[PDB]
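Per the deposited numbering, residue 1 is the first one in the sequence shown, and the count goes up by one each step. The beta carbon of each residue, even a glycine, is placed where N, CA and C say it ideally should be.
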Amino acid sequence: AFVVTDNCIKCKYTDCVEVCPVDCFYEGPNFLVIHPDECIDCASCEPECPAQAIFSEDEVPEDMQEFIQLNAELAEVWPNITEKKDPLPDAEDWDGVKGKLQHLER
Ligand code: SF4
Ligand code: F3S
Numbered sequence: 001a002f003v004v005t006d007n008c009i010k011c012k013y014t015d016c017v018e019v020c021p022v023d024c025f026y027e028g029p030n031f032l033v034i035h036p037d038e039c040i041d042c043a044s045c046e047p048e049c050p051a052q053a054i055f056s057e058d059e060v061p062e063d064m065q066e067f068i069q070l071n072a073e074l075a076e077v078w079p080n081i082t083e084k085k086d087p088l089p090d091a092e093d094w095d096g097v098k099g100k101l102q103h104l105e106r
């Protein structure tokens with residue numbers, strides 16, 4: 001499984017969804033997650049994230065491990081996002097801001 005991590009929160013560029021062969025991306029208000037059962041590990045999405053927040057499950061950073069499970073949980077309750085849309089309003093300022101987990105919107 002591929003995993004979206006902390007830097008996607010309040011960027012949510014959604015460039016990732018256009019390259020996914022199986023539409024395994026689920027949409028939160030200020031975040032996107034990858035359904036772990038549906039993701040087929042092609043990694044087409046990982047270069048496409050400006051946030052560089054997508055990671056192969058085995059290479060998700062030691063301090064962002066919570067996100068594996070979070071992708072799994074939220075992918076069960078969030079609607080499917082298949083089309084690219086415009087980034088969140090102040091996305092490039094928030095990009096690179098650490099610890100945005102505190103601000104994740106359900
Ligand atoms: S690795 Fe491939 S299948 Fe998995 S979420 Fe990314 S684009 Fe979709
Ligand atoms: S910012 Fe998030 S919305 Fe997609 S392009 Fe990167 S994983």
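With the cut-off set at 8 Å, would you say residue i and residue j are in Cβ contact?
i: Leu74; j: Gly28; result: yes
i: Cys11; j: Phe25; result: no
i: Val4; j: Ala53; result: yes
i: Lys100; j: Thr14; result: no
i: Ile68; j: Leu32; result: no
i: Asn30; j: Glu92; result: no
i: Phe2; j: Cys49; result: no
How would you call residue i, buried or exposed, if buried means at least 16 neighbouring beta carbons within 10 angstroms?
i: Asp6; result: buried
i: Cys42; result: exposed
Let me check one thing: in DSSP terms, what residues is residue i bridge-paired to?
i: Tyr26; result: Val33, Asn80
Can you tell me where the beta strand (DSSP E) with residue i in it begins and where it stops?
i: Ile54; result: 54 to 56
Subject >> Meets three-Cβ-pair contact criterion under 8 Å: the region 18 to 30 and the region 59 to 67 >> reply: no
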